[PDB]
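This is run35.txt (compact mmCIF, C-alpha atoms and all ligand atoms).
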```
# COMPACT_ATOMS: atom_id res chain seq x y z
CA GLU H 32 -6.54 -16.44 121.50
CA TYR H 33 -9.19 -15.00 123.83
CA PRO H 34 -7.61 -13.41 126.92
CA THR H 35 -8.11 -15.26 130.23
CA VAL H 36 -8.39 -14.07 133.81
CA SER H 37 -4.74 -14.69 134.68
CA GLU H 38 -3.49 -12.57 131.74
CA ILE H 39 -5.31 -9.31 132.60
CA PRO H 40 -4.12 -7.41 135.69
CA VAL H 41 -6.88 -5.63 137.61
CA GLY H 42 -7.11 -2.15 136.13
CA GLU H 43 -6.34 -3.16 132.53
CA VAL H 44 -8.76 -3.89 129.70
CA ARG H 45 -8.37 -6.01 126.59
CA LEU H 46 -10.29 -5.73 123.35
CA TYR H 47 -11.05 -8.77 121.19
CA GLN H 48 -12.34 -8.53 117.65
CA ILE H 49 -15.26 -10.91 117.24
CA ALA H 50 -16.35 -9.89 113.71
CA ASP H 51 -16.25 -6.80 111.49
CA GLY H 52 -17.41 -3.91 113.66
CA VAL H 53 -17.89 -6.10 116.77
CA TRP H 54 -15.51 -6.43 119.74
CA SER H 55 -15.77 -7.79 123.23
CA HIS H 56 -14.06 -5.95 126.07
CA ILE H 57 -12.46 -8.01 128.86
CA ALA H 58 -11.59 -6.82 132.37
CA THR H 59 -10.90 -8.31 135.81
CA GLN H 60 -12.06 -7.45 139.32
CA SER H 61 -12.17 -8.84 142.85
CA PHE H 62 -15.34 -10.45 144.21
CA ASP H 63 -15.56 -12.30 147.53
CA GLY H 64 -11.81 -12.84 147.81
CA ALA H 65 -11.06 -13.89 144.22
CA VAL H 66 -10.51 -12.15 140.88
CA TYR H 67 -12.85 -12.87 137.99
CA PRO H 68 -12.85 -11.85 134.32
CA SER H 69 -15.84 -10.06 132.82
CA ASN H 70 -16.98 -9.42 129.22
CA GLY H 71 -18.85 -6.64 127.59
CA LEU H 72 -19.46 -5.63 123.96
CA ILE H 73 -18.54 -2.82 121.57
CA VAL H 74 -20.40 -2.39 118.28
CA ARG H 75 -19.73 0.07 115.49
CA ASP H 76 -22.74 2.44 115.28
CA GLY H 77 -22.03 4.22 112.04
CA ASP H 78 -19.33 6.73 112.89
CA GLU H 79 -19.77 6.12 116.64
CA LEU H 80 -19.54 3.18 118.99
CA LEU H 81 -22.25 1.60 121.12
CA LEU H 82 -20.96 0.14 124.41
CA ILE H 83 -22.62 -2.82 126.10
CA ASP H 84 -21.83 -2.84 129.84
CA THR H 85 -19.11 -1.20 131.86
CA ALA H 86 -15.81 -2.95 132.49
CA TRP H 87 -16.74 -3.58 136.15
CA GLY H 88 -15.72 -0.48 138.06
CA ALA H 89 -14.59 3.07 137.52
CA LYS H 90 -10.88 2.38 137.06
CA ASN H 91 -11.45 -0.46 134.60
CA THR H 92 -14.05 1.58 132.72
CA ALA H 93 -11.57 4.44 132.27
CA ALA H 94 -9.05 1.97 130.88
CA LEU H 95 -11.75 0.68 128.56
CA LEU H 96 -12.32 4.12 127.08
CA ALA H 97 -8.57 4.66 126.65
CA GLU H 98 -8.08 1.31 124.91
CA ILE H 99 -11.06 2.01 122.67
CA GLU H 100 -9.60 5.38 121.65
CA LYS H 101 -6.19 3.83 121.05
CA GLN H 102 -7.32 0.78 119.05
CA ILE H 103 -10.56 1.88 117.33
CA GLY H 104 -10.51 5.66 117.55
CA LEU H 105 -14.22 6.31 117.12
CA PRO H 106 -16.25 8.00 119.88
CA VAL H 107 -18.28 5.99 122.35
CA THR H 108 -21.55 7.91 122.38
CA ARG H 109 -24.03 5.54 124.05
CA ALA H 110 -23.85 2.70 126.60
CA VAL H 111 -26.40 0.07 127.66
CA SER H 112 -26.15 -1.82 130.99
CA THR H 113 -27.68 -5.31 130.71
CA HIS H 114 -28.53 -5.59 134.44
CA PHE H 115 -27.99 -3.74 137.67
CA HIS H 116 -24.87 -5.37 139.17
CA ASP H 117 -21.47 -3.66 139.44
CA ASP H 118 -20.00 -5.56 136.48
CA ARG H 119 -22.65 -3.86 134.33
CA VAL H 120 -23.20 -0.34 135.83
CA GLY H 121 -20.03 0.18 137.90
CA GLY H 122 -18.25 2.91 135.95
CA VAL H 123 -21.40 4.58 134.64
CA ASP H 124 -20.26 7.79 136.36
CA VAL H 125 -16.96 7.63 134.44
CA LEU H 126 -18.85 7.10 131.15
CA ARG H 127 -21.13 10.05 131.98
CA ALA H 128 -18.17 12.29 132.78
CA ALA H 129 -16.57 11.23 129.46
CA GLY H 130 -19.64 12.33 127.47
CA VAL H 131 -21.33 8.94 126.99
CA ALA H 132 -25.13 8.79 127.15
CA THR H 133 -25.95 5.85 129.45
CA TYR H 134 -29.03 3.59 129.19
CA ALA H 135 -30.77 0.72 130.94
CA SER H 136 -34.26 -0.57 131.39
CA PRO H 137 -36.46 1.07 134.03
CA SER H 138 -36.19 -2.19 136.02
CA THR H 139 -32.40 -2.03 135.96
CA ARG H 140 -32.35 1.65 136.90
CA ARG H 141 -34.64 0.99 139.87
CA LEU H 142 -32.78 -2.12 141.08
CA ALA H 143 -29.44 -0.31 140.84
CA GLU H 144 -30.85 2.50 142.95
CA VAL H 145 -32.15 0.07 145.60
CA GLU H 146 -28.74 -1.60 145.64
CA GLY H 147 -26.74 1.64 145.93
CA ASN H 148 -25.08 1.16 142.53
CA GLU H 149 -24.51 3.70 139.80
CA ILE H 150 -27.64 4.45 137.82
CA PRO H 151 -27.67 4.91 134.04
CA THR H 152 -29.29 8.24 133.04
CA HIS H 153 -31.87 7.15 130.43
CA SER H 154 -34.64 4.55 130.47
CA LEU H 155 -35.04 1.98 127.72
CA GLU H 156 -38.70 1.59 126.85
CA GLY H 157 -40.32 -1.50 125.41
CA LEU H 158 -38.53 -4.20 127.41
CA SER H 159 -40.76 -4.86 130.42
CA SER H 160 -42.19 -8.32 129.53
CA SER H 161 -40.47 -11.63 128.78
CA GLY H 162 -39.90 -11.84 125.04
CA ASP H 163 -39.83 -8.12 124.38
CA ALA H 164 -37.22 -6.92 121.91
CA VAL H 165 -36.26 -3.43 120.73
CA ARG H 166 -33.82 -2.14 118.16
CA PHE H 167 -31.08 0.15 119.53
CA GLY H 168 -28.79 1.31 116.73
CA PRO H 169 -26.87 -1.67 115.34
CA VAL H 170 -28.16 -4.19 117.89
CA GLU H 171 -31.34 -5.71 119.18
CA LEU H 172 -31.94 -5.63 122.92
CA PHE H 173 -33.99 -8.57 124.21
CA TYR H 174 -35.55 -9.32 127.58
CA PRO H 175 -35.74 -13.16 127.89
CA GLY H 176 -37.23 -13.15 131.40
CA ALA H 177 -35.66 -13.58 134.79
CA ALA H 178 -32.48 -15.61 135.04
CA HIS H 179 -29.20 -14.49 136.58
CA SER H 180 -31.25 -11.45 137.66
CA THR H 181 -34.85 -10.42 137.09
CA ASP H 182 -33.78 -7.52 134.86
CA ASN H 183 -31.09 -9.18 132.73
CA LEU H 184 -30.95 -8.29 129.04
CA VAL H 185 -29.20 -9.94 126.16
CA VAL H 186 -27.99 -8.29 123.01
CA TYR H 187 -27.81 -9.49 119.44
CA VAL H 188 -25.81 -7.99 116.56
CA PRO H 189 -27.71 -8.99 113.39
CA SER H 190 -24.98 -8.02 110.89
CA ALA H 191 -22.71 -10.61 112.50
CA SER H 192 -24.90 -13.18 114.29
CA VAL H 193 -23.14 -12.34 117.57
CA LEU H 194 -25.18 -13.02 120.74
CA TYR H 195 -23.99 -11.33 123.94
CA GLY H 196 -25.67 -13.23 126.78
CA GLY H 197 -24.32 -11.37 129.77
CA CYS H 198 -24.44 -13.01 133.13
CA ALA H 199 -27.44 -15.18 132.25
CA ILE H 200 -25.04 -17.34 130.16
CA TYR H 201 -22.04 -19.20 131.64
CA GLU H 202 -18.82 -20.22 129.91
CA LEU H 203 -18.38 -23.93 129.15
CA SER H 204 -15.57 -24.47 131.63
CA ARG H 205 -17.83 -23.26 134.46
CA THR H 206 -19.64 -26.06 136.29
CA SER H 207 -21.08 -24.29 139.37
CA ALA H 208 -23.29 -21.26 139.89
CA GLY H 209 -22.11 -18.76 142.59
CA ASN H 210 -23.69 -15.25 142.84
CA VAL H 211 -27.21 -16.58 142.30
CA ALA H 212 -28.39 -14.33 145.14
CA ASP H 213 -30.51 -12.26 142.74
CA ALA H 214 -31.35 -15.08 140.34
CA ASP H 215 -34.67 -16.73 139.54
CA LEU H 216 -33.52 -20.34 139.39
CA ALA H 217 -36.99 -21.64 138.49
CA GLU H 218 -37.40 -19.22 135.58
CA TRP H 219 -33.81 -19.33 134.34
CA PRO H 220 -33.94 -22.47 132.10
CA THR H 221 -37.08 -21.13 130.44
CA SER H 222 -35.49 -17.76 129.81
CA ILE H 223 -32.48 -19.46 128.21
CA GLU H 224 -34.87 -21.32 125.92
CA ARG H 225 -36.55 -18.00 125.02
CA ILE H 226 -33.09 -16.88 123.86
CA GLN H 227 -32.58 -20.11 121.90
CA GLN H 228 -36.01 -19.63 120.33
CA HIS H 229 -35.39 -16.00 119.29
CA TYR H 230 -31.73 -16.32 118.15
CA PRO H 231 -31.31 -19.82 116.64
CA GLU H 232 -28.90 -18.48 113.98
CA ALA H 233 -26.40 -17.10 116.49
CA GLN H 234 -22.86 -17.95 115.40
CA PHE H 235 -20.99 -16.43 118.37
CA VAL H 236 -22.21 -16.47 121.98
CA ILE H 237 -20.42 -14.36 124.59
CA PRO H 238 -21.05 -15.15 128.27
CA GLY H 239 -20.88 -12.43 130.87
CA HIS H 240 -17.68 -14.04 132.21
CA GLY H 241 -15.18 -16.25 130.43
CA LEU H 242 -14.48 -17.62 126.95
CA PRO H 243 -16.90 -17.20 124.02
CA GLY H 244 -18.62 -20.23 122.51
CA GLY H 245 -21.67 -21.02 120.36
CA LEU H 246 -25.27 -21.92 121.26
CA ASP H 247 -23.97 -24.91 123.23
CA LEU H 248 -23.34 -22.39 126.02
CA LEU H 249 -27.12 -22.10 126.45
CA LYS H 250 -27.83 -25.75 127.26
CA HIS H 251 -24.62 -25.93 129.30
CA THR H 252 -25.91 -23.09 131.49
CA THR H 253 -29.31 -24.74 132.01
CA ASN H 254 -27.50 -27.92 133.13
CA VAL H 255 -25.48 -25.90 135.64
CA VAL H 256 -28.61 -24.09 136.80
CA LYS H 257 -30.66 -27.29 137.03
CA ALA H 258 -27.77 -29.00 138.84
CA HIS H 259 -28.10 -26.31 141.52
CA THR H 260 -31.85 -26.79 142.10
CA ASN H 261 -31.43 -30.60 142.36
CA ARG H 262 -29.11 -30.09 145.35
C1 LIG P 1 -18.05 -14.44 137.54
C2 LIG P 1 -18.40 -15.45 138.31
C3 LIG P 1 -18.38 -15.30 139.83
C4 LIG P 1 -19.70 -14.71 140.30
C5 LIG P 1 -19.85 -13.32 139.68
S1 LIG P 1 -18.98 -11.96 140.15
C6 LIG P 1 -19.69 -10.88 139.04
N1 LIG P 1 -19.38 -9.48 138.90
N2 LIG P 1 -20.56 -11.57 138.31
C7 LIG P 1 -20.67 -12.88 138.61
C8 LIG P 1 -21.66 -13.74 137.84
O1 LIG P 1 -21.89 -14.93 138.19
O2 LIG P 1 -22.26 -13.20 136.87
ZN ZN P 2 -24.92 -9.95 137.84
ZN ZN P 3 -21.66 -11.08 136.47
```

Once you've parsed the file, please lay out its structure as structure tokens.
Ligand SMILES: C=CCCc1sc(N)nc1C(=O)O
Ligand SMILES: [Zn+2]
Ligand SMILES: [Zn+2]
Amino acid sequence: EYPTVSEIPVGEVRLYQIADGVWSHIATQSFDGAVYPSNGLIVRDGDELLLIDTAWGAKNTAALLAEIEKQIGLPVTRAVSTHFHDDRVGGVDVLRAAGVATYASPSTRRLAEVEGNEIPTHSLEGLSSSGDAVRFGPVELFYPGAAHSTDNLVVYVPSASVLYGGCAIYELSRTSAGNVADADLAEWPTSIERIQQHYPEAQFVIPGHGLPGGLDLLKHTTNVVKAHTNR
């Protein structure tokens, strides 16, 4: 079964095989007085691994690398951060020290710098406008437009029909919105529909936090977002 927040002590990381060559990584961290789980992705990239997102902090990201080496044993050579918050770039300095080449969009790099967060080294070109998509090894990066944040990316693994939504997509169980400080509530439903439009064949959908689902997570998130702007 997918690991839940109460089963992962802060500082530990779990791996979860989603499909051949595709794992999520799961960690936990404190935020405003509570502990929350957080997902990222790992995708076989030939003889190497591509990492999507840190494990939310330096200590968790070190545990991520150790668990990867223990369970998969291929080198993590590149990482992409899907937006500028700490659950996506916190730990970039650990990855860099470990030899990983770190990447994000120019928007993400700039917003991390304004925020005082860790800044991935390399800029991802070709993602500046809503609906842009670029191929990055075994995945497609896609900018659906502003949502949870103005810079948030999603990631699709074509060989497996896995859609990693990051923080723009909520888990089913979640019925309220919290941490919409940086969000574009008015644009968010339309960005979700841009994802639905571009990835209608997605078999697995991973939210930034919580249990995986299918495309039903998309409409569910819209409802939760719309519920917030009607009150
Ligand atoms: C997880 C849910 C509580 C709010 C937080 S904390 C964090 N690092 N991200 C979020 C989010 O909404 O994406
Ligand atoms: Zn965020
Ligand atoms: Zn988040």

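Checking H:161, H:183, H:261, H:210 one by one against residue H:142, counting all atoms listed in the file, you find the shortest gap at H:183.
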
- ligand ZN 2 (chain P) neighbours within 7 Å using all atoms listed in the file, as a ChimeraX atom specification: /H:114-116,118,179-180,198

Using all atoms listed in the file, which protein or nucleic acid residues are at most 10 Å from ligand LIG 1 (chain P), as a PDB file with C-alpha atoms, keeping the file's coordinate frame?
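What follows is the written file pocket.pdb:
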```
ATOM      1  CA  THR H  59     -10.900  -8.310 135.810  1.00  0.00           C
ATOM      2  CA  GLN H  60     -12.060  -7.450 139.320  1.00  0.00           C
ATOM      3  CA  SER H  61     -12.170  -8.840 142.850  1.00  0.00           C
ATOM      4  CA  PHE H  62     -15.340 -10.450 144.210  1.00  0.00           C
ATOM      5  CA  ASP H  63     -15.560 -12.300 147.530  1.00  0.00           C
ATOM      6  CA  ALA H  65     -11.060 -13.890 144.220  1.00  0.00           C
ATOM      7  CA  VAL H  66     -10.510 -12.150 140.880  1.00  0.00           C
ATOM      8  CA  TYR H  67     -12.850 -12.870 137.990  1.00  0.00           C
ATOM      9  CA  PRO H  68     -12.850 -11.850 134.320  1.00  0.00           C
ATOM     10  CA  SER H  69     -15.840 -10.060 132.820  1.00  0.00           C
ATOM     11  CA  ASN H  70     -16.980  -9.420 129.220  1.00  0.00           C
ATOM     12  CA  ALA H  86     -15.810  -2.950 132.490  1.00  0.00           C
ATOM     13  CA  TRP H  87     -16.740  -3.580 136.150  1.00  0.00           C
ATOM     14  CA  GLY H  88     -15.720  -0.480 138.060  1.00  0.00           C
ATOM     15  CA  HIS H 116     -24.870  -5.370 139.170  1.00  0.00           C
ATOM     16  CA  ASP H 117     -21.470  -3.660 139.440  1.00  0.00           C
ATOM     17  CA  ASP H 118     -20.000  -5.560 136.480  1.00  0.00           C
ATOM     18  CA  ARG H 119     -22.650  -3.860 134.330  1.00  0.00           C
ATOM     19  CA  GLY H 121     -20.030   0.180 137.900  1.00  0.00           C
ATOM     20  CA  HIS H 179     -29.200 -14.490 136.580  1.00  0.00           C
ATOM     21  CA  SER H 180     -31.250 -11.450 137.660  1.00  0.00           C
ATOM     22  CA  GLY H 197     -24.320 -11.370 129.770  1.00  0.00           C
ATOM     23  CA  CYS H 198     -24.440 -13.010 133.130  1.00  0.00           C
ATOM     24  CA  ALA H 199     -27.440 -15.180 132.250  1.00  0.00           C
ATOM     25  CA  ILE H 200     -25.040 -17.340 130.160  1.00  0.00           C
ATOM     26  CA  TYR H 201     -22.040 -19.200 131.640  1.00  0.00           C
ATOM     27  CA  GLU H 202     -18.820 -20.220 129.910  1.00  0.00           C
ATOM     28  CA  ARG H 205     -17.830 -23.260 134.460  1.00  0.00           C
ATOM     29  CA  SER H 207     -21.080 -24.290 139.370  1.00  0.00           C
ATOM     30  CA  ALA H 208     -23.290 -21.260 139.890  1.00  0.00           C
ATOM     31  CA  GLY H 209     -22.110 -18.760 142.590  1.00  0.00           C
ATOM     32  CA  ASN H 210     -23.690 -15.250 142.840  1.00  0.00           C
ATOM     33  CA  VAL H 211     -27.210 -16.580 142.300  1.00  0.00           C
ATOM     34  CA  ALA H 212     -28.390 -14.330 145.140  1.00  0.00           C
ATOM     35  CA  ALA H 214     -31.350 -15.080 140.340  1.00  0.00           C
ATOM     36  CA  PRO H 238     -21.050 -15.150 128.270  1.00  0.00           C
ATOM     37  CA  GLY H 239     -20.880 -12.430 130.870  1.00  0.00           C
ATOM     38  CA  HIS H 240     -17.680 -14.040 132.210  1.00  0.00           C
ATOM     39  CA  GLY H 241     -15.180 -16.250 130.430  1.00  0.00           C
TER      40      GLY H 241
END
```

- Query: Between H:139, H:85, H:234, H:148, which one has atoms that come closest to residue H:122, using all atoms listed in the file?
  - Reply: H:85

- Task: Find, counting all atoms listed in the file, the residue in H:96, H:172, H:248, H:74 that gets nearest to residue H:49.
- Result: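 For residue H:49, the nearest of the given residues is H:74.
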
- Message: Nearest residue to ligand ZN 3 (chain P) out of H:90, H:113, H:219, H:245, using all atoms listed in the file?
- Response: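 For ligand ZN 3 (chain P), the nearest of the candidates is H:113.
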
- Best match for closeness to ligand ZN 3 (chain P) among H:71, H:167, H:106, H:247, counting all atoms listed in the file: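 Ranked by minimum distance to ligand ZN 3 (chain P), first place goes to H:71.
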
- Please, what distance in Å, to one decimal, runs between atom CA of residue H:83 and atom CA of residue H:218?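 Atom CA of residue H:218 lies at a distance of 24.0 Å from atom CA of residue H:83.
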
- Message: Report, in Å to a single decimal, how far apart atom CA of residue H:253 and atom CA of residue H:162 are.
- Response: 18.1 Å

- Item | Contact residues around residue H:34 with all atoms listed in the file at 9 Å, ignoring same-chain residues under 4 positions, as a list in words |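 In the requested form, the answer reads residues 38, 39, 45, 46, 47, 57, 241 and 242 of chain H.
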
Residues from the last selection, C-alpha atoms, saved as a JSON list (two decimals), in the coordinates of the input:
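Contents of the output file result-v1.json:
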```
[["chain", "number", "residue", "atom", "x", "y", "z"],
["H", 38, "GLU", "CA", -3.49, -12.57, 131.74],
["H", 39, "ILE", "CA", -5.31, -9.31, 132.60],
["H", 45, "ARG", "CA", -8.37, -6.01, 126.59],
["H", 46, "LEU", "CA", -10.29, -5.73, 123.35],
["H", 47, "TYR", "CA", -11.05, -8.77, 121.19],
["H", 57, "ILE", "CA", -12.46, -8.01, 128.86],
["H", 241, "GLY", "CA", -15.18, -16.25, 130.43],
["H", 242, "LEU", "CA", -14.48, -17.62, 126.95]]
```

- Task: Around the point (-36.6, -6.0, 135.7) in the file's coordinates, collect all residues with an atom within 7 Å, using all atoms listed in the file, and return them as a PyMOL selection string.
- Result: chain H and resi 138-139+159+181-182

- Shortest interatomic distance to ligand ZN 3 (chain P) - which of H:189, H:196, H:157, H:231, counting all atoms listed in the file: H:196

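Atom pair atom CA of residue H:89 / atom CA of residue H:149: separated by 10.2 Å.
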